[PDB]
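Enquirer: Please find the sequence and an experimentally derived structure below.
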Amino acid sequence: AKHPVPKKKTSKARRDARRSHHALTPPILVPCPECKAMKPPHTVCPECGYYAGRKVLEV
Amino acid sequence: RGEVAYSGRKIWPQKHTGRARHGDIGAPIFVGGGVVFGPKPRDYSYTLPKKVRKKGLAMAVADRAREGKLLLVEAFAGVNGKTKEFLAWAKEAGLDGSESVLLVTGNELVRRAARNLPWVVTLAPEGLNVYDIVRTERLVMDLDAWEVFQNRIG
Amino acid sequence: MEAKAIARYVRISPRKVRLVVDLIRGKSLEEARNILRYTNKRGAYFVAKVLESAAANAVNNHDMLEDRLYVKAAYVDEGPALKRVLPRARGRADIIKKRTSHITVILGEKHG
Amino acid sequence: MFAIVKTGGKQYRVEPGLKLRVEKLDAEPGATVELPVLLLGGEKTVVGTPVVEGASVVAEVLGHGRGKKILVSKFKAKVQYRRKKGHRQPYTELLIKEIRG
Amino acid sequence: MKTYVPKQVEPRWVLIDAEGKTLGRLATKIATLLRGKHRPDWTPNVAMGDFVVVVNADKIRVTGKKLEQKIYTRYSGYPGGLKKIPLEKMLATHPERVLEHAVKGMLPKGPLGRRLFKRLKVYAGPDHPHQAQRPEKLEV
Amino acid sequence: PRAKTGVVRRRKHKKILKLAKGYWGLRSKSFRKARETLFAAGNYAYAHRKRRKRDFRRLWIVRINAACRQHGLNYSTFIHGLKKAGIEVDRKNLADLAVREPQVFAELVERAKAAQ
RNA sequence: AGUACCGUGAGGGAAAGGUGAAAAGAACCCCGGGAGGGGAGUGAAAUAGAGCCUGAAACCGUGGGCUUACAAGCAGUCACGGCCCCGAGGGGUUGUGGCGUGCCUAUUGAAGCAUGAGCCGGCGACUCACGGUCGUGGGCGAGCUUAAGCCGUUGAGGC
RNA sequence: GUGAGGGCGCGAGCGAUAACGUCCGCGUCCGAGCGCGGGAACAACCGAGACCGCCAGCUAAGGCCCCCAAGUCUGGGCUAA
RNA sequence: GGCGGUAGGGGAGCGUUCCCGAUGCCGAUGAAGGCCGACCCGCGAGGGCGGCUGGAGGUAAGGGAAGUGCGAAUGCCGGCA
Ligand SMILES: NC(=[NH2+])NCCC[C@H](N)C(=O)O
Ligand SMILES: [Mg+2]
Ligand SMILES: [Mg+2]
Ligand SMILES: [Mg+2]
Ligand SMILES: [Mg+2]
Ligand SMILES: [Mg+2]
Ligand SMILES: [Mg+2]
Ligand SMILES: [Mg+2]
Ligand SMILES: [Mg+2]
Ligand SMILES: [Mg+2]
Ligand SMILES: [Mg+2]
Ligand SMILES: [Mg+2]
Ligand SMILES: [Mg+2]
Ligand SMILES: [Mg+2]
Ligand SMILES: [Mg+2]
Ligand SMILES: [Mg+2]
Ligand SMILES: [Mg+2]
Ligand SMILES: [Mg+2]
Ligand SMILES: [Mg+2]
Ligand SMILES: [Mg+2]
Ligand SMILES: [Mg+2]
Ligand SMILES: [Mg+2]
Ligand SMILES: [Mg+2]
Ligand SMILES: [Mg+2]
Ligand SMILES: [Mg+2]
Ligand SMILES: [Mg+2]
Ligand SMILES: [Mg+2]
Ligand SMILES: [Mg+2]
Ligand SMILES: [Mg+2]
Ligand SMILES: [Mg+2]
Ligand SMILES: [Mg+2]
Ligand SMILES: [Mg+2]
Ligand SMILES: [Mg+2]
Ligand SMILES: [Mg+2]
Ligand SMILES: [Mg+2]
Ligand SMILES: [Mg+2]
Ligand SMILES: [Mg+2]
Ligand SMILES: [Mg+2]
Ligand SMILES: [Mg+2]
Ligand SMILES: [Mg+2]
Ligand SMILES: [Mg+2]
Ligand SMILES: [Mg+2]
Ligand SMILES: [Mg+2]
Ligand SMILES: [Mg+2]
Ligand SMILES: [Mg+2]
Ligand SMILES: [Mg+2]
Ligand SMILES: [Mg+2]
Ligand SMILES: [Mg+2]
Ligand SMILES: [Mg+2]
Ligand SMILES: [Mg+2]
Ligand SMILES: [Mg+2]
Ligand SMILES: [Mg+2]
Ligand SMILES: [Mg+2]
Ligand SMILES: [Mg+2]
Ligand SMILES: [Mg+2]
Ligand SMILES: [Mg+2]
Ligand SMILES: [Mg+2]
Ligand SMILES: [Mg+2]
Ligand SMILES: [Mg+2]
Ligand SMILES: [Mg+2]
Ligand SMILES: [Mg+2]
Ligand SMILES: [Mg+2]
Ligand SMILES: [Mg+2]
Ligand SMILES: [Mg+2]
Ligand SMILES: [Mg+2]
Ligand SMILES: [Mg+2]
Ligand SMILES: [Mg+2]
Ligand SMILES: [Mg+2]
Ligand SMILES: [Mg+2]
Ligand SMILES: [Mg+2]
Ligand SMILES: [Mg+2]
Ligand SMILES: [Mg+2]
Ligand SMILES: [Mg+2]
Ligand SMILES: [Mg+2]
Ligand SMILES: [Mg+2]
Ligand SMILES: [Mg+2]
Ligand SMILES: [Mg+2]
Ligand SMILES: [Mg+2]
Ligand SMILES: [Mg+2]
Ligand SMILES: [Mg+2]
Ligand SMILES: [Mg+2]
Ligand SMILES: [Mg+2]
Ligand SMILES: [Mg+2]
Ligand SMILES: [Mg+2]
Ligand SMILES: [Mg+2]
Ligand SMILES: [Mg+2]
Ligand SMILES: [Mg+2]
Ligand SMILES: [Mg+2]
Ligand SMILES: [Mg+2]
Ligand SMILES: [Mg+2]
Ligand SMILES: [Mg+2]
Ligand SMILES: [Mg+2]
Ligand SMILES: [Mg+2]
Ligand SMILES: [Mg+2]
Ligand SMILES: [Mg+2]
Ligand SMILES: [Mg+2]
Ligand SMILES: [Mg+2]
Ligand SMILES: [Mg+2]
Ligand SMILES: [Mg+2]
Ligand SMILES: [Mg+2]
Ligand SMILES: [Mg+2]
Ligand SMILES: [Mg+2]
Ligand SMILES: [Mg+2]
Ligand SMILES: [Mg+2]
Ligand SMILES: [Mg+2]
Ligand SMILES: [Mg+2]
Ligand SMILES: [Mg+2]
Ligand SMILES: [Mg+2]
Ligand SMILES: [Mg+2]
Ligand SMILES: [Mg+2]
Ligand SMILES: [Mg+2]
Ligand SMILES: [Mg+2]
Ligand SMILES: [Mg+2]
Ligand SMILES: [Mg+2]
Ligand SMILES: [Mg+2]
Ligand SMILES: [Mg+2]
Ligand SMILES: [Mg+2]
Ligand SMILES: [Mg+2]
Ligand SMILES: [Mg+2]
Ligand SMILES: [Mg+2]
Ligand SMILES: [Mg+2]
Ligand SMILES: [Mg+2]
Ligand SMILES: [Mg+2]
Ligand SMILES: [Mg+2]
Ligand SMILES: [Mg+2]
Ligand SMILES: [Mg+2]
Ligand SMILES: [Mg+2]
Ligand SMILES: [Mg+2]
Ligand SMILES: [Mg+2]
Ligand SMILES: [Mg+2]
Ligand SMILES: [Mg+2]
Ligand SMILES: [Mg+2]
Ligand SMILES: [Mg+2]
Ligand SMILES: [Mg+2]
Ligand SMILES: [Mg+2]
Ligand SMILES: [Mg+2]
Ligand SMILES: [Mg+2]
Ligand SMILES: [Mg+2]
Ligand SMILES: [Mg+2]
Ligand SMILES: [Mg+2]
Ligand SMILES: [Mg+2]
Ligand SMILES: [Mg+2]
Ligand SMILES: [Mg+2]
Ligand SMILES: [Mg+2]
Ligand SMILES: [Mg+2]
Ligand SMILES: [Mg+2]
Ligand SMILES: [Mg+2]
Ligand SMILES: [Mg+2]
Ligand SMILES: [Mg+2]
Ligand SMILES: [Mg+2]
Ligand SMILES: [Mg+2]
Ligand SMILES: [Mg+2]
Ligand SMILES: [Mg+2]
Ligand SMILES: [Mg+2]
Ligand SMILES: [Mg+2]
Ligand SMILES: [Mg+2]
Ligand SMILES: [Mg+2]
Ligand SMILES: [Mg+2]
Ligand SMILES: [Mg+2]
Ligand SMILES: [Mg+2]
Ligand SMILES: [Mg+2]
Ligand SMILES: [Mg+2]
Ligand SMILES: [Mg+2]
Ligand SMILES: [Mg+2]
Ligand SMILES: [Mg+2]
Ligand SMILES: [Mg+2]
Ligand SMILES: [Mg+2]
Ligand SMILES: [Mg+2]
Ligand SMILES: [Mg+2]
Ligand SMILES: [Mg+2]
Ligand SMILES: [Mg+2]
Ligand SMILES: [Mg+2]
Ligand SMILES: [Mg+2]
Ligand SMILES: [Zn+2]
């Protein structure tokens, strides 16, 4: 290895075009069928402690 | 660069450093270093030919005479070292203060009375010069001052 | 009417918090609230604090209804840098820039 | 009815009531001048050889002016030769009064 | 006075029979027609040429021994990927491509030249499908 | 007395950067790249305002040629006919007649044919 | 400040000034753990709020207009067209066509696969003394001129 | 200031009737005309010495079937490669 | 009638700092500086003018004197890519 190195400073255009795929995707949330609170699917509701229509965890 | 207050050590080696070659930080290429061809104490005085000075004095008084702004007086009535007395004397002699006057006389009392006016420049006769003459719009002199001026230009 | 809130000198990299700010711009206040709540990023905390301060400003200061609030503007600026020394091999000294952010959120009323 | 007139070294097609910038003319503003005709067209067609004899276009000089400044600049590489000149072409404004056949 | 720049006009459709004609001598005329240089309102920055339909391109003729000697070439980008096809095999496999290449090589390069080439329709055999456009038979 | 740079260099850099409005990237943002691009642009402008006359003349010739070939002859035949006839109507107005007043151009074509 | 920092040591040796006329330096309330901010309040002014006069440039961002996913480029220029703005005119933008080998330095010759430069801002290089030699503006002219000093001035000249 | 010249033509020498070789003479051009037209492109080959402007005209070399401005121009002959 | 131009010779101007002009003049009805302009004068360097910022200085005609104009020195210091 002979220490590869950038040949030219990247133009703002090129670095931002490279970053064109960096946008976050927003979370995935559904309403809990008990307290109607938005929560991730297939998780136990952290606002009421219910999942599959029963208590599992003290909230 | 020799007068600056730094040492003369080479900051880093000549070669194989990656930086640029340099000597000491007093070099004028550095910030805070010496200044190339900076001004030193000088003497801007020179000897102007004497006849040129004398002829220039003559010519300045001659210009003010040909203009009609020249006036000779014998004495100064009753001014004795007070600005108000000189203001009265000048009002009577036709000096309202709208033109700057060069008063030249041997009487110290008159020069003391007049020297604080914003439109009056006082001079002893032996100190007549072409600058102060061209400076002012009118020229007033003693008869003694006139005689010693004739004796200087002679 | 608008209601803005600014968190200045937030010790985090702008390019990092902007990623989360871009997630909530133009969204309704409740949408933005849940979105920030379940966003797996460090700047989610700070954007959430700024959004809540803005909503409080709106309600308690500019006569705006809570159920009418949305994120009209939302931008991060870059603040001063905390330059630290980082020792590398062979006696060389690097400088790490610990950046800082100025989060700004501006809310308005969505009539209708 | 139109007329191809020649002035300032160049030929323009004019019609009555047309404003036109041509090269500068030695003529006081508001005065009137006759422009030669090389070809008359429209209702009738007479072809100049090279001009037509008894035909002239009467136009009224509206005034004189200077055009939009052009920055003519010359640059010669590796030789430290650079030149900057501003140029404003003097013109005259004419309004075509009538076509005199 | 400025030079007249035409408004976008309706282009005219033109049909040409290639049968028995000389390849290049017809190709130059097809290209001129595609340019719009036969119209007195011609402009170089717009596409205003004709739509040229060609039939019986399979019956083009050519001088000399060019049947076995003219060699079209294609470099596929790989090592040794140089295809050399003679005119005979071309006429017997993709005969309209002969005229297509002869015309494409005579239009300007760039985007406008490409769309001008898109305005030409070459057809082997006597039949074409552009009966809807109703072309005008031209004796070039 | 000491005359430091002060205010001048910034004003000269701003003058050169104003002319650079519209250039790609640093060619409008860096004073030096701006200056280089402006050297190129100025030489381009001189040479191209020279070449524009030939450009337009060549277009005029193409149009006159199309109109002439609509009437039998070609461009060269037509210009020879004009030269012999005595007609000194330039090619700008000639194309303007070829498109705007085809009857006058047809009359010119007639005089050109007959003038040989 | 001969400080911090560097060095065993002799020794080297920085950066760093500015709110306002007056602290009148923001009580109290609101979100927040705090920081920070939002109202209130002070002020002629608070993008004068202490990270404080003026606040340029590179540089990072939000919004708006024009434009961009079949296209070959020292990135411009010339022409035409479309869209947007300000009211036979002009500005902004760029679709297509034409033309077009960065700058500096060094060389017989560089776009050059020869040198230098990431970019911006500030610092950065033909001077001074004395003598000489030409030319030039004056003064005097077979003459021209004083040096050190002395007197006077306190930016007055004279001897 | 320069006292590193270089290409081309002619006359020679050196070289192998070799070199974008080398050394002189006469000339020219580049250098400094890497400004313009031609020669596909190209300092020195051909045309020609760029004060600035014009949507005017005439020519030079070179060109006139398409790219590409102008003749698929006229008369005679040769070539089939 | 002349006016491509490297080395180089000469000519004419612009601008920066300071002094005489100035116990004057401009200035809170807004100084210098900063951000814009498609407006005017000048071939040009530049000078005007108008709007915004700025909050206290600036300085004519005509002369004088220099620490007087930056894009490169693997320049120097700082800031940010
Ligand atoms: N009498 C005199 N020579 N006076 C000369 C000037 C005195 C003093 N410096 C003044 O102007 O008031
Ligand atoms: Mg290895
Ligand atoms: Mg590797
Ligand atoms: Mg290894
Ligand atoms: Mg590897
Ligand atoms: Mg490595
Ligand atoms: Mg960048
Ligand atoms: Mg960019
Ligand atoms: Mg990229
Ligand atoms: Mg961007
Ligand atoms: Mg709970
Ligand atoms: Mg030193
Ligand atoms: Mg020393
Ligand atoms: Mg020392
Ligand atoms: Mg020392
Ligand atoms: Mg020391
Ligand atoms: Mg030492
Ligand atoms: Mg030393
Ligand atoms: Mg030593
Ligand atoms: Mg260095
Ligand atoms: Mg040094
Ligand atoms: Mg030193
Ligand atoms: Mg110093
Ligand atoms: Mg110092
Ligand atoms: Mg110095
Ligand atoms: Mg020195
Ligand atoms: Mg001394
Ligand atoms: Mg002395
Ligand atoms: Mg006094
Ligand atoms: Mg006075
Ligand atoms: Mg006084
Ligand atoms: Mg005085
Ligand atoms: Mg997430
Ligand atoms: Mg609330
Ligand atoms: Mg490590
Ligand atoms: Mg080391
Ligand atoms: Mg170690
Ligand atoms: Mg870095
Ligand atoms: Mg860093
Ligand atoms: Mg004329
Ligand atoms: Mg009209
Ligand atoms: Mg004109
Ligand atoms: Mg004129
Ligand atoms: Mg260059
Ligand atoms: Mg150069
Ligand atoms: Mg140059
Ligand atoms: Mg045809
Ligand atoms: Mg053939
Ligand atoms: Mg097929
Ligand atoms: Mg081409
Ligand atoms: Mg300087
Ligand atoms: Mg400046
Ligand atoms: Mg300037
Ligand atoms: Mg400025
Ligand atoms: Mg642009
Ligand atoms: Mg840009
Ligand atoms: Mg320029
Ligand atoms: Mg040209
Ligand atoms: Mg020109
Ligand atoms: Mg010409
Ligand atoms: Mg014909
Ligand atoms: Mg002719
Ligand atoms: Mg003619
Ligand atoms: Mg040690
Ligand atoms: Mg120690
Ligand atoms: Mg040491
Ligand atoms: Mg230091
Ligand atoms: Mg203060
Ligand atoms: Mg204070
Ligand atoms: Mg509190
Ligand atoms: Mg709290
Ligand atoms: Mg709380
Ligand atoms: Mg607080
Ligand atoms: Mg807040
Ligand atoms: Mg507060
Ligand atoms: Mg108040
Ligand atoms: Mg006020
Ligand atoms: Mg402000
Ligand atoms: Mg302030
Ligand atoms: Mg600051
Ligand atoms: Mg500030
Ligand atoms: Mg202040
Ligand atoms: Mg700030
Ligand atoms: Mg800024
Ligand atoms: Mg944007
Ligand atoms: Mg497309
Ligand atoms: Mg394709
Ligand atoms: Mg190509
Ligand atoms: Mg190119
Ligand atoms: Mg427009
Ligand atoms: Mg064209
Ligand atoms: Mg283009
Ligand atoms: Mg190139
Ligand atoms: Mg070298
Ligand atoms: Mg070399
Ligand atoms: Mg060499
Ligand atoms: Mg290079
Ligand atoms: Mg390269
Ligand atoms: Mg070297
Ligand atoms: Mg270099
Ligand atoms: Mg570096
Ligand atoms: Mg940059
Ligand atoms: Mg700089
Ligand atoms: Mg010298
Ligand atoms: Mg000195
Ligand atoms: Mg000297
Ligand atoms: Mg001398
Ligand atoms: Mg004398
Ligand atoms: Mg004499
Ligand atoms: Mg004597
Ligand atoms: Mg030499
Ligand atoms: Mg020698
Ligand atoms: Mg040599
Ligand atoms: Mg020699
Ligand atoms: Mg020789
Ligand atoms: Mg040789
Ligand atoms: Mg020779
Ligand atoms: Mg021969
Ligand atoms: Mg020979
Ligand atoms: Mg042999
Ligand atoms: Mg030879
Ligand atoms: Mg030989
Ligand atoms: Mg040799
Ligand atoms: Mg030799
Ligand atoms: Mg050269
Ligand atoms: Mg040389
Ligand atoms: Mg020559
Ligand atoms: Mg070049
Ligand atoms: Mg070249
Ligand atoms: Mg050439
Ligand atoms: Mg060529
Ligand atoms: Mg060519
Ligand atoms: Mg040449
Ligand atoms: Mg001709
Ligand atoms: Mg010929
Ligand atoms: Mg050819
Ligand atoms: Mg021929
Ligand atoms: Mg082609
Ligand atoms: Mg053609
Ligand atoms: Mg023939
Ligand atoms: Mg064979
Ligand atoms: Mg000449
Ligand atoms: Mg010259
Ligand atoms: Mg000459
Ligand atoms: Mg001056
Ligand atoms: Mg100062
Ligand atoms: Mg001073
Ligand atoms: Mg004063
Ligand atoms: Mg004052
Ligand atoms: Mg006043
Ligand atoms: Mg006020
Ligand atoms: Mg100042
Ligand atoms: Mg200005
Ligand atoms: Mg002035
Ligand atoms: Mg204000
Ligand atoms: Mg101002
Ligand atoms: Mg004061
Ligand atoms: Mg000033
Ligand atoms: Mg002054
Ligand atoms: Mg002056
Ligand atoms: Mg003076
Ligand atoms: Mg200096
Ligand atoms: Mg330079
Ligand atoms: Mg340069
Ligand atoms: Mg470097
Ligand atoms: Mg390096
Ligand atoms: Mg470096
Ligand atoms: Mg490098
Ligand atoms: Mg540097
Ligand atoms: Mg530098
Ligand atoms: Mg450095
Ligand atoms: Mg640095
Ligand atoms: Mg970084
Ligand atoms: Zn729940």
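Expert: Sure, I can see it. Numbers count the residues shown, from 1 in each chain, chains lettered A, B, ... in the order given. Ligands and ions are numbered 1, 2, ... in the order given.
Enquirer: who in chain F is up against ligand 8?
Expert: residue F:25 (C-beta under 5 Å from the ion). C-beta: built from backbone N, CA, C; applies to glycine.
Enquirer: Which residue ranges of chain F form helices?
Expert: For chain F, the helices defined by DSSP state H occupy F:8-18, F:26-29, F:31-69, F:75-85, F:91-100, F:102-114.
Enquirer: for these, which one ends up most surrounded?
Expert: Mean neighbours per residue, mean count of other C-beta atoms under 10 Å in any protein chain shown, is largest over those for helix F:91-100, with a mean of 22.
Enquirer: any bit of it sitting next to RNA strand G?
Expert: No. Using C-beta under 7 Å from any atom of the strand, helix F:91-100 never reaches RNA strand G; the gap is at least 12.8 Å.
Enquirer: Three-state assignment for residue C:8, please.
Expert: strand (DSSP: H, G, I helix; E, B strand; the rest coil).
Enquirer: which residue ranges form the strands in the chain?
Expert: With no chain named, the answer covers chain A. Using DSSP state E, the strands of chain A run over A:30-31, A:38-39.
Enquirer: Switch to chain D, please.
Expert: Taking DSSP E as the test, the strands found in chain D are D:2-7, D:10-14, D:19-23, D:32-41, D:46-47, D:56-66, D:70-76, D:81-87, D:90-100.
Enquirer: Residue E:84: which of those strands is closest?
Expert: Closest approach to residue E:84 among the strands of chain D is made by strand D:70-76 (49.4 Å; C-beta to C-beta).
Enquirer: quick one: strands adjacent to that closest one?
Expert: Neighbouring strands of strand D:70-76 in its sheet, by DSSP bridges, are strand D:81-87 (antiparallel).
Enquirer: could you dump the partner strand to CSV, C-alpha only?
Expert: Presented in CSV, the C-alpha positions along strand D:81-87 are these (Å, rounded to 0.1, in the frame of the first residue of the first chain):
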residue,chain,number,x,y,z
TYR,D,81,-1.1,41.3,-21.5
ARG,D,82,-4.6,42.4,-20.5
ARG,D,83,-6.6,45.2,-22.0
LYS,D,84,-10.0,46.6,-20.9
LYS,D,85,-12.0,48.9,-23.2
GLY,D,86,-15.5,50.2,-22.9
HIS,D,87,-17.3,51.0,-26.2
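Enquirer: Tell me who's in contact with the residue nearest to the spatial centre of chain F.
Expert: Geometric centre of chain F, nearest residue: residue F:52, 2.2 Å, by C-alpha atoms, centre = their mean. With contact set as C-beta atoms under 8 Å, 6 or more residues apart in numbering or on different chains, residue F:52 has no partners.
Enquirer: How much space separates it from ligand 9?
Expert: 39 Å (C-beta to the ion, to the nearest Å).
Enquirer: ok, back up a step: of all the strands of chain A, which lies closest to chain C?
Expert: Closest to chain C of the strands of chain A, according to C-beta to the nearest C-beta: strand A:38-39, at 4.2 Å.
Enquirer: Could you tell me how far that closest one lies from the centre of the chain?
Expert: Relative to its chain's centre, strand A:38-39 lies at 14 Å (C-alpha atoms, centre = their mean, to the nearest Å).
Enquirer: anything in it near ligand 174?
Expert: No. Shown here: strand A:38-39 not in contact with ligand 174 (C-beta under 5 Å from the ion), separated by at least 6.8 Å.
Enquirer: And the residue of chain F closest to ligand 18?
Expert: Nearest residue of chain F to ligand 18: residue F:2, at 26.4 Å (C-beta to the ion).
Enquirer: who in chain B is up against ligand 18?
Expert: Residues of chain B found near ligand 18 (C-beta under 5 Å from the ion) are B:8, B:23, B:24.
Enquirer: Quick check: the last one vs ligand 21, distance?
Expert: Distance check for residue B:24 against ligand 21: by C-beta to the ion, it reads 5 Å.
Enquirer: do the same with residue B:113
Expert: Between residue B:113 and ligand 21 the computed distance is 65 Å (C-beta to the ion).
Enquirer: what does residue D:32 give?
Expert: From residue D:32 to ligand 21 the distance is 79 Å (C-beta to the ion).
Enquirer: burial of that residue, as a residue count?
Expert: Residue D:32: 12 surrounding residues under other C-beta atoms under 10 Å in any protein chain shown.
Enquirer: Tell me which residues touch it, please.
Expert: D:58, D:59, D:60, D:61, D:97 are the contacts of residue D:32 under C-beta under 8 Å, 6+ apart.
Enquirer: Pretty sure the second one sits against residue D:97.
Expert: Yes. Residue D:59 is within contact range of residue D:97, at 5.8 Å (criterion: C-beta atoms under 8 Å).
Enquirer: quick revisit: adding mean neighbour count and distance to residue C:102, write the strands of chain A out as CSV.
Expert: Below are those laid out as CSV (neighbours: other C-beta atoms under 10 Å in any protein chain shown; distance: least, C-beta to C-beta, whole Å):
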stretch, mean neighbour count, distance to residue C:102
strand A:30-31, 12, 35
strand A:38-39, 20, 29
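Enquirer: do you know which of those strands lies nearest residue C:94?
Expert: Between the strands of chain A, strand A:38-39 lies closest to residue C:94; by C-beta to C-beta that is 44.1 Å.
Enquirer: Next one: that closest one, is it in contact with chain C?
Expert: Yes. Residues of strand A:38-39 contacting chain C under C-beta under 8 Å from any C-beta of the partner chain: A:38, A:39.
Enquirer: Which strands or helices does that strand pack on?
Expert: Contacts defined by 3 or more C-beta pairs under 8 Å, 6 or more residues apart in numbering or on different chains; DSSP states H and E place strand A:38-39 against strand A:30-31.
Enquirer: before we move on, the earlier item: dump the helices of chain F into TSV; add distance to residue E:118 as well.
Expert: TSV is the format used below for these (distance: least, C-beta to C-beta, whole Å):
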stretch	distance to residue E:118
helix F:8-18	43
helix F:26-29	35
helix F:31-69	23
helix F:75-85	30
helix F:91-100	27
helix F:102-114	31
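Enquirer: out of those, which comes closest to ligand 74?
Expert: So among those, helix F:26-29 is nearest, using C-beta to the ion, at 34.9 Å.
Enquirer: Contacts for the closest one next, please.
Expert: F:17, F:20, F:21, F:22, F:33, F:34, F:37.
Enquirer: quick one: which of the residues you listed is nearest chain C?
Expert: Using C-beta to the nearest C-beta, these come closest to chain C at residue F:17, 23.9 Å.
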